[PDB]
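In what follows, a single structure is set out as structure tokens and then discussed.
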Amino acid sequence: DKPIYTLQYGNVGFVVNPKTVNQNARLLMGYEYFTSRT
Amino acid sequence: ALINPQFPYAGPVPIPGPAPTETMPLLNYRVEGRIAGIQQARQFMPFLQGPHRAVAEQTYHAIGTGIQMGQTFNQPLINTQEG
């Protein structure tokens with residue numbers, strides 16, 4: 001209903017604060033988005 | 001009424017009647033009537049004169065208060081097209 005759109009309210013970020021981090025740890029990010037006239 | 005001749009209906013109830021009494025008199029009533037008990041100005045009731053509410057409206061009081069304060073984030077600058 002209110003898509004994340006920088007330029008509408010500064011840079012935005014997705015945040016994860018991990019309690020435990022093993023070797024070769026990583027975040028696999030998946031996005032769904034529109035990219036209109038602009 | 002029919003009268004038949006020769007048996008004619010007597011021409012009256014005649015003078016042979018038996019006066020039975022002289023009790024004919026109603027004695028006039030003479031009287032003095034007084035209804036005078038002290039009256040006190042008041043009566044008690046459960047309710048008199050009220051026009052009770054069948055439904056009331058909704059009713060309310062009002063308040064506001066505060067100040068004008070804010071945290072804001074703005075859109076970035078963009079290239080201007082034309083003009």
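A note on labels: chains of the structure tokens are A, B, ... as shown, every chain counts residues from 1, and ligands are counted from 1 in their shown order.
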* Asked: Got a sec to pull out which chain B residues are within 12 Å of chain A, counting only C-alpha atoms, and send them as a PyMOL selection string?
  -> chain B and resi 71-79+81
Taking N, CA and C atoms for each residue, export the selection above as an mmCIF file, in the first residue's frame.
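The result, written out as selection-v7.cif:
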data_model
loop_
_atom_site.group_PDB
_atom_site.id
_atom_site.type_symbol
_atom_site.label_atom_id
_atom_site.label_comp_id
_atom_site.auth_asym_id
_atom_site.auth_seq_id
_atom_site.Cartn_x
_atom_site.Cartn_y
_atom_site.Cartn_z
ATOM 1 N N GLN B 71 8.370 15.511 13.046
ATOM 2 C CA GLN B 71 9.657 14.883 12.540
ATOM 3 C C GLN B 71 9.318 14.691 11.037
ATOM 4 N N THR B 72 10.142 15.182 10.107
ATOM 5 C CA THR B 72 9.842 15.099 8.619
ATOM 6 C C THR B 72 11.063 14.599 7.860
ATOM 7 N N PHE B 73 10.753 13.979 6.758
ATOM 8 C CA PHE B 73 11.602 13.379 5.675
ATOM 9 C C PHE B 73 10.929 13.966 4.375
ATOM 10 N N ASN B 74 11.834 14.507 3.478
ATOM 11 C CA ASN B 74 11.577 15.186 2.219
ATOM 12 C C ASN B 74 12.088 14.329 0.997
ATOM 13 N N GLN B 75 11.370 14.622 -0.107
ATOM 14 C CA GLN B 75 11.763 14.002 -1.453
ATOM 15 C C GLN B 75 13.092 14.751 -1.884
ATOM 16 N N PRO B 76 13.853 13.955 -2.554
ATOM 17 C CA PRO B 76 15.104 14.334 -3.098
ATOM 18 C C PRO B 76 14.787 15.358 -4.249
ATOM 19 N N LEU B 77 16.008 16.088 -4.425
ATOM 20 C CA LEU B 77 15.981 17.003 -5.598
ATOM 21 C C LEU B 77 15.916 16.292 -6.969
ATOM 22 N N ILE B 78 15.365 16.745 -7.994
ATOM 23 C CA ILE B 78 15.268 16.130 -9.321
ATOM 24 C C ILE B 78 15.619 17.115 -10.386
ATOM 25 N N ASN B 79 16.090 16.548 -11.555
ATOM 26 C CA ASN B 79 16.343 17.477 -12.723
ATOM 27 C C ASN B 79 15.059 18.113 -13.162
ATOM 28 N N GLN B 81 12.698 19.434 -15.865
ATOM 29 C CA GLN B 81 12.349 19.155 -17.243
ATOM 30 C C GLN B 81 12.467 20.359 -18.178
#
* Nearby residues (only C-alpha atoms) at most 12 Å from residue 14 of chain A, same-chain spacing under 2 positions excluded, as a ChimeraX atom specification -> /A:4,11-12,16-17,27-31
Can I get the selection written as a short mmCIF file (atom, residue, chain, number, x, y, z; two decimals), in the first residue's frame, with N, CA and C atoms?
data_model
loop_
_atom_site.label_atom_id
_atom_site.label_comp_id
_atom_site.auth_asym_id
_atom_site.auth_seq_id
_atom_site.Cartn_x
_atom_site.Cartn_y
_atom_site.Cartn_z
N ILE A 4 8.20 1.16 -0.77
CA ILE A 4 9.41 1.86 -0.36
C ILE A 4 9.88 2.58 -1.62
N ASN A 11 17.06 7.86 1.76
CA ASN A 11 17.45 6.47 1.59
C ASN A 11 16.78 5.61 2.67
N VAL A 12 16.37 4.41 2.29
CA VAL A 12 15.74 3.51 3.24
C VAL A 12 16.55 2.23 3.19
N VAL A 16 18.85 -6.05 9.65
CA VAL A 16 18.88 -7.27 10.44
C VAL A 16 20.03 -7.15 11.43
N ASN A 17 19.74 -7.29 12.71
CA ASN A 17 20.78 -7.25 13.74
C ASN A 17 20.85 -8.69 14.23
N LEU A 27 22.75 -12.68 3.70
CA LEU A 27 21.32 -12.43 3.57
C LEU A 27 20.98 -12.47 2.10
N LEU A 28 20.02 -13.32 1.75
CA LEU A 28 19.57 -13.42 0.37
C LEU A 28 18.32 -12.55 0.33
N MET A 29 18.39 -11.48 -0.44
CA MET A 29 17.31 -10.52 -0.56
C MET A 29 16.46 -10.73 -1.80
N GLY A 30 15.15 -10.73 -1.62
CA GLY A 30 14.24 -10.87 -2.74
C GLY A 30 13.33 -9.66 -2.77
N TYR A 31 13.24 -9.00 -3.92
CA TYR A 31 12.40 -7.82 -4.05
C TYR A 31 11.34 -7.96 -5.12
#
* Structure fact -> Pairwise distance, atom CA of residue 15 of chain B with atom CA of residue 1 of chain B, equals 22.6 Å
